[PDB]
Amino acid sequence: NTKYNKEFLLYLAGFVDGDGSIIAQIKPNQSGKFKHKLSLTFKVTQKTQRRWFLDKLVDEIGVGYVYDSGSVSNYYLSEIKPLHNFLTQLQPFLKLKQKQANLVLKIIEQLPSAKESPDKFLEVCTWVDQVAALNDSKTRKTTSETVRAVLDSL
């Protein structure tokens, strides 16, 4: 478990509240138990001109990747264990996205228990809904009621 400097976390929190994104998704997964697959993503977006800034994040956080998409680049972290480690330390300093951060951590922690009963999996899918609600969601398709539709059918 990596320990991060406080001044680094304080600046980064401000930058994340601004140009960052804490994302919780429910993805279609045919080769799956409940035909769905949870996905948690911490993301920092920046113009490719300033990709160097995102590249530094990979070294400073110790994990994650940088991908290009159009005229824009993104730092990307979805691996659960270091994500949980990173968000735990970052959370006390977030102002706009603190609740999204806490919800993701909660999803991550109660993740294996959710992969038992279909009811518990659906309860966490509602936690995912709340994250999307807190964000400025605009193109969401798969929700908890989408899961329930494929759940109450079988």
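Just count from 1 along the sequence shown to find any residue number.
If you average the C-alpha B-factors over 51-59 and over 29-37, the higher value belongs to 29-37. Averaged over CA atoms, B-factors in the entry run higher in 135-143 than in the other of 135-143 and 8-16. For the set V66, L87, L111, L103, the maximum C-alpha B-factor listed in the entry falls on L111. In the deposited entry, the Cα temperature factor of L96 places it in the middle third of its chain's modelled residues.
In the PDB entry, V128 places in the middle third of its chain by CA B-factor.
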